[PDB]
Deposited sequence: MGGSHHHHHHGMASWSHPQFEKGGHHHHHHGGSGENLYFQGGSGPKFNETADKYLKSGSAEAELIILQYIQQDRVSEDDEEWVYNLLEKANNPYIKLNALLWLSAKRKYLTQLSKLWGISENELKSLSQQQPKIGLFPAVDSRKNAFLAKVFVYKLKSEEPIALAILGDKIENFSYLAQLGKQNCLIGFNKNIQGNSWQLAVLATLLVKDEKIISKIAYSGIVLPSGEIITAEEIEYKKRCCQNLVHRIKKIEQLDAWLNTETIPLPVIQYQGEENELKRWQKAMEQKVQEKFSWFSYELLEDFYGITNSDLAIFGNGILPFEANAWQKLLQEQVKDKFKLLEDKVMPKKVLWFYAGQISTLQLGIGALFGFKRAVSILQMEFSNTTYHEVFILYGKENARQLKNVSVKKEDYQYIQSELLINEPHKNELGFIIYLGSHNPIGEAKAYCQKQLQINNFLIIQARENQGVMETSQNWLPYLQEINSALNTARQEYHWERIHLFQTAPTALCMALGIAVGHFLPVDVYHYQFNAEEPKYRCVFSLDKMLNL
């Protein structure tokens, strides 16, 4: 404790109940990662003005790199690289960081970069950790806590538009498609399943009113609740031995989605790489195989 400016900030550090640990996943130049962390620092200071990155490295020793799931350049489009990234960095990150601040609980702030990676991180994050999942808003360059973390009928669906097709009720292969961003994956994901995985049973999750615009000024928990209800609905009626997940969803939404279905479902996760040759989808990891 050397870089302390105000006594008020010092008082809260030694006499607080929860310590916020902002975790960010980024792939690229380390200079832009520094910019991303600074924007993340402001959002934590709205709720904890005493919080600071420099102070975070004094009392405990948590470093900006230690809070960052960081990799130089574009992540290679190899399944082993993704599984290595999750195993070498993500899997032990949250367990170790909690042990650093042992006496006091942790309120996790999270914001990622690669949407597909969040399902692996969210599943490995666990549902026993209180998390404030953030989602950057770009008109002001600010973070908004959209998640402050089932059994919802289809008729009572608020923002999502679920849809289930069973064209060949023989196999137990399901293509789970989630469309919440603005780049439609349904055309590519449906063609990928038919041409490569031989799948014609699909569960489509789509925004009901505003495709690509979910207001980042409210709670996105009802968005996640509808997805879990629709997903669980198909499992009771039809037994799926393996579900294949394709999603164009916000980064925060995917991280919360992984928490809800972490390791308890046989889900295959497929990533879309923009700078890759056809096929652009690849099973980077399977949600039930990270344990």
Next on the checklist: Comparing the deposited sequence with the modelled residues, which stretches have no C-alpha coordinates?
Outcome noted: 1-245, 395-405, 548-549
